[PDB]
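The next block holds one structure in the form of structure tokens; read it before the comments.
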Amino acid sequence: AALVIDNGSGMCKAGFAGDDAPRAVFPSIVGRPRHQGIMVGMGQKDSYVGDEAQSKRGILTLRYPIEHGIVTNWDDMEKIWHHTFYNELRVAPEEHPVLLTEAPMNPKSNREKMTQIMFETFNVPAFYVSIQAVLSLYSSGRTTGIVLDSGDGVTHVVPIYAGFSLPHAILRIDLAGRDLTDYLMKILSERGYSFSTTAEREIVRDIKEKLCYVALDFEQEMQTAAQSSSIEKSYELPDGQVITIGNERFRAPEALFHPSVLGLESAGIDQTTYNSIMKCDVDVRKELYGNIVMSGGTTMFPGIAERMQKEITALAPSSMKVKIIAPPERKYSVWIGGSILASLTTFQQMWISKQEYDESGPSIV
Amino acid sequence: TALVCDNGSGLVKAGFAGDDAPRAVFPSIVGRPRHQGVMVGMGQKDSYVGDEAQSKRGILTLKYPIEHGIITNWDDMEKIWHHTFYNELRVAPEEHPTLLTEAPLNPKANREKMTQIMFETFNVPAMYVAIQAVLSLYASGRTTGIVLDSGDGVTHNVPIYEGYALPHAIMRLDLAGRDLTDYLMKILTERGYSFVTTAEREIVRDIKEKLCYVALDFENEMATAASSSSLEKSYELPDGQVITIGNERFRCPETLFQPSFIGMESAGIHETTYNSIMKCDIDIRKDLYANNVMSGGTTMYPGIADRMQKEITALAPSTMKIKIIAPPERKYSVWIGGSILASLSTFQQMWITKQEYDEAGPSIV
Amino acid sequence: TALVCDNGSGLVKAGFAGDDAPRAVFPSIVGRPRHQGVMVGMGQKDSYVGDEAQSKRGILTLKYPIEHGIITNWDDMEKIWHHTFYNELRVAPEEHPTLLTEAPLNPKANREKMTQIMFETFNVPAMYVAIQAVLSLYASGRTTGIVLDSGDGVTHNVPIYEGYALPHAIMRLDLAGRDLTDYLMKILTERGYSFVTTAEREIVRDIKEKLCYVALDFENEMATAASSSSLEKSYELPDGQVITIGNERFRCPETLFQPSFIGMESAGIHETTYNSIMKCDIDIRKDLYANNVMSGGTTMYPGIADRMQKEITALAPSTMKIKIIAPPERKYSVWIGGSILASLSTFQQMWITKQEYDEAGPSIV
């Protein structure tokens, strides 16, 4: 069996081929102690990763090596893998073929460098890197389909026509699920809401998942949040404070459709789907319109598929078959696409061998 | 004409849109009697607000209804809002548009409850609630910049473009006036003294205003404390005890920069500025740095602005062009910003009418 | 081999490491005769420490070196420790490594002066000072949680994250087993008594230990007082005068919730936990709420466990798991926590020896 470790910018999932559920899902945080000391519990080890590092903030300085699905620190990315193998899955890298992923339009060298570390420090018998949207599409059982990830890290639209990405429309918005939790962490303050420590900011992340939704029409909604507490839903903060959450419930996800409320004059996810589709050839366009598959964590918000269905209908011809497909598992599809791909018998000759690595080297991909 | 009323955690400032400088300026206290005794020529009185709360404190227990930026208790807020019109300002609410202030970037219900009680209990013909740090930018007479509004409860770094915050960088830290006095209280007990009543905690709170200062460099200041008595500043503690305060006098107000000093897991104010700005869009940052503005209570310390220039420039890349402004009037800046804006002809349309309450209801804004 | 010695404001607890219960328990009092008082049977004597000074207190000038956890006088402190070694433990300090305790807020200089004295006069091979309540969490066998260290002379709340206490949450209350011993003395004087001669000024301390309880439902228990049933419980005095103490019995530990009984405007124990867990970080709150441990001389009174259970569940709202843990040992846990830590197989690398001490000087500890 052969592993899959999808390098989320904030959420890394590991496991094998064949498993339906991702085996090792954790906060993709490298933690190092603020004063490394002689003993156990006292901050002893030069790096932690996951839920351990997460509670241990109080002793650590936390890092996210992966920014916008582009691994901006390798000396930390490595040591995540060294925990992901030995501490999560509790296995030795040199035994299992590994499948690991990439954010679309990855600068080749950065791929080649993942390719380097995997076979060199990690000595894994085989490897293959894989595009995030394209695996999530495989977890719908499709070849064809324009896909739009919105994860923790970065938001990415790809014209996947028949199992191939068409680069020229692979659009990115760098406002995402992190900057959405942030979008909430802005707008709760003059009800005295306290989100400012990483603990508090965690709590605002939870509220984003649980209560925040995409209104079907923003302005109409607002006036219902004015007229009635219909929107207004209470929540007990971990200390015990019965708070109530209202407009922010629909205002927080809406940065995906209006990047402007964050402060980025970028096209909304809808506008960006459309603009990716037109940037493809006329016949590619038809299926893309009918097979828009949502992926990632930030595509979870109640409202989002029905809303995308509304707006892309306004944006396309009246007689154009707009059709959204969203996985209930979309925070994990990118991993599922790994596990499926590694288990695909057909694909056993498609892995990067240790042989090719040592005859031909990192550049071959 | 209109009234503007800055509700602090600790000081509540109010007056008529039109003047330069506020009329009602009182502590945000609601006291309550500790024994059935008759006041000299009064009814026993159920509670005491502001000033008579302050003087009769001994036979009392004093609650402040605003903690850390949050209005927490809502009855005790009414008693404050009452004590403005019908006690301090000598006015009847229905005569006046009123304006109040709030903690950078709002949702709804706490403002609903503010808006509600205004139009119903008091019957003010109009209300507007406007942002506390953003109103200090209005007092500073510009658009863009980063504010540090730190009163009793809650500090705020607020970066601003156009009239509004670039809010994703508005770090709170609830490290501010109150816990700064708690430090002075401890470091004088440490010094060999004691304090018991809250009146005595006022006398501590007070030595903080008169004797506590911010060095440009802590390490050299600890050195000059260790060299000469020069820093020791005595003061007659009301009873008698002309007490000496030396290295403490900086070792308390330092706490913004070092929470380590009280023993809290926060990084210092100096750094939080850099991180908020790093969290923001990258070139407009230049304007933000160029207008770092300060406001509130705990910002009054002798030396804090020039030190923010030592500190923030060592954090930021050297060519950053940082400029800290901190109004000499700074306790009242949110109100100066308020009076003028409330009195502004192009803004007269933005006020919330009585009418919009009776039709649309509390969540107007 | 090693020794542990714990310095209360009333009692010193010494012994060896790895013993369950203290080998030397002696009162922190140093008495000088007020005459050249020839004890017919001994020669002239200089200072009496503890038990001899306590049996002969009449002829003396008694004084306590450790006032409210802090050391105010080092002369008396030193002769106490020579006494701890050569007389009480009967040891030669240069072969037997020593461990000591300190107040939760103890100054650097204080810690260093006890490290100066331990090496430079006594010549111990290795010495440790630890931090009082934090060691009671080590007697409770955990790294994180909040400890209510309430003694003969000092009440404290200490939240420790993974070894590090966070002092902003570390509350302190100079009203404890002493303020309460004398508070028993007075409430009996008009119960109808005159604790006149010297053993009565001490049997009032004894009746405190023997009969006191922190009654749960204190209010209806006031009606139980008024309904005078067989809560009335006589005791024989050092003579035969049966004193019946029934109501004040509980109506004295009651002062730990309401300092108004003695004339302090300060908050009670329970609140001071809530405020601590409050001034602390928000994700950590949960641990603290779930690991709230009492230790020390005031905590011995029954029902105090039940009491903090229901008190903080009323104060802190309702998604939370609360757990107050009161050990059967608790009046020595600060020592038990030193002893077992000292003997730990991983602790030898915290035994700060003379080698480190001479080269680095006092600032090594």
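Protein chains in written order, with the deposited numbering: chain I, 1 to 365; chain J, 1 to 365; chain K, 1 to 365.
For every residue, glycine included, the Cβ atom is placed at its ideal position computed from N, Cα and C.
{"Check": "Option in I:41, I:169, I:38 with minimal Cα separation from residue 281 (chain I)", "Outcome": "I:169"}
{"Check": "Exposed unless 16 or more other CB atoms sit within 10 angstroms - verdict on residue 123 (chain K)", "Outcome": "exposed"}
{"Check": "Chain K contacts made by the segment 252 to 267 of chain J, where a contact means CB separation under 7 Å", "Outcome": "262, 263, 264, 265"}
{"Check": "Other residues of its chain near residue 300 (chain J): CB distance less than 8 Å, five sequence neighbours each side excluded", "Outcome": "209, 330, 331"}
{"Check": "Where residue 88 (chain J) meets chain K, residues with beta-carbon distance less than 8 Å", "Outcome": "Those within 8 Å of residue 88 (chain J) in chain K number zero; the least Cβ separation is about 27 Å."}
{"Check": "From K:8, K:286, K:28, residue whose alpha carbon lies closest to that of residue 150 (chain K)", "Outcome": "K:8"}
{"Check": "DSSP bridge partner residues for residue 156 (chain I) (one or two, in chain order)", "Outcome": "I:149, I:172"}
{"Check": "Residue 1 (chain J) and residue 96 (chain J) closer than 8 Å at C-beta", "Outcome": "yes"}
{"Check": "Minimum Cβ-Cβ distance from residue 186 (chain J) to chain K less than 8 Å", "Outcome": "yes"}
{"Check": "Residue 214 (chain I) - DSSP class collapsed to helix/strand/coil", "Outcome": "coil"}
{"Check": "Minimum Cβ-Cβ distance from residue 197 (chain J) to chain A less than 8 Å", "Outcome": "Of the protein chains in the structure, I, J and K, none is chain A."}
{"Check": "Per-residue DSSP class, three states only, for residue 21 (chain K)", "Outcome": "coil"}
{"Check": "Whether residue 165 (chain I) touches residue 131 (chain I) by CB criterion (8 Å)", "Outcome": "yes"}
{"Check": "Within chain I, partners of residue 320 (chain K) - CB distance below 7 Å", "Outcome": "240"}
{"Check": "Sequence-distant residues of its chain with Cβ nearer than 7 Å to residue 54 (chain I) (five each side left out)", "Outcome": "27, 29"}
{"Check": "Buried or exposed (CB count within 10 angstroms, at least 16 for buried), residue 43 (chain I)", "Outcome": "buried"}
{"Check": "8 Å contact criterion, which residue 307 (chain J) and residue 191 (chain I) should meet: CB distance rounded", "Outcome": "Not quite, the Cβ-Cβ distance comes to about 33 Å (not below 8 Å), so this is no contact."}
{"Check": "Pairwise C-alpha distance: residue 323 (chain I) and residue 310 (chain I)", "Outcome": "10 Å"}
{"Check": "Minimum Cβ-Cβ distance from residue 323 (chain I) to chain K less than 8 Å", "Outcome": "no"}
{"Check": "Buried/exposed call for residue 328 (chain K), threshold 16 Cβ in 10 Å", "Outcome": "exposed"}
{"Check": "Below-8 Å beta-carbon distance, residue 161 (chain J) vs any chain I residue", "Outcome": "yes"}
{"Check": "Option in I:255, I:302, I:312 with minimal Cα separation from residue 328 (chain I)", "Outcome": "I:302"}
{"Check": "Cβ of residue 329 (chain I) within 8 Å of any chain J Cβ", "Outcome": "no"}
{"Check": "With 16 other Cβ atoms within 10 Å as the buried cut-off, status of residue 104 (chain K)", "Outcome": "buried"}
{"Check": "Best match in J:310, J:35, J:15 for proximity to residue 217 (chain J) [C-alpha to C-alpha]", "Outcome": "J:310"}
{"Check": "Through-space distance from residue 355 (chain K) to residue 80 (chain K), alpha-carbon basis", "Outcome": "26 Å"}
{"Check": "Buried or exposed (CB count within 10 angstroms, at least 16 for buried), residue 220 (chain J)", "Outcome": "exposed"}
{"Check": "The segment 10 to 21 of chain K in contact with the segment 47 to 57 of chain J per 3-pair CB rule at 8 Å", "Outcome": "no"}
{"Check": "Under 8 Å between C-beta atoms of residue 370 (chain I) and residue 157 (chain I)", "Outcome": "Lying outside 1 to 365, the shown extent of chain I, residue 370 (chain I) is not represented and no answer is given."}
{"Check": "Contact check, residue 244 (chain J) vs residue 232 (chain J), beta carbons under 8 Å", "Outcome": "yes"}
{"Check": "Alpha-carbon to alpha-carbon, residue 285 (chain J) and residue 99 (chain I)", "Outcome": "40 Å"}
{"Check": "Check whether residue 127 (chain I) and residue 115 (chain I) have beta carbons under 8 Å apart", "Outcome": "yes"}
{"Check": "Start and end residues, alpha helix (DSSP H) containing residue 50 (chain K)", "Outcome": "50 to 55"}
{"Check": "CB of residue 339 (chain I) within 8 Å of CB of residue 17 (chain I), strictly", "Outcome": "yes"}
{"Check": "Beta-carbon proximity list for residue 315 (chain J), same chain, < 7 Å, skipping 5 on both sides", "Outcome": "270, 271, 274"}
{"Check": "Continuous beta strand (DSSP E) stretch holding residue 95 (chain I): start and end", "Outcome": "Taken as a continuous stretch (DSSP letters only), residue 95 (chain I) belongs to no beta strand (DSSP E), as it is neither H nor E."}
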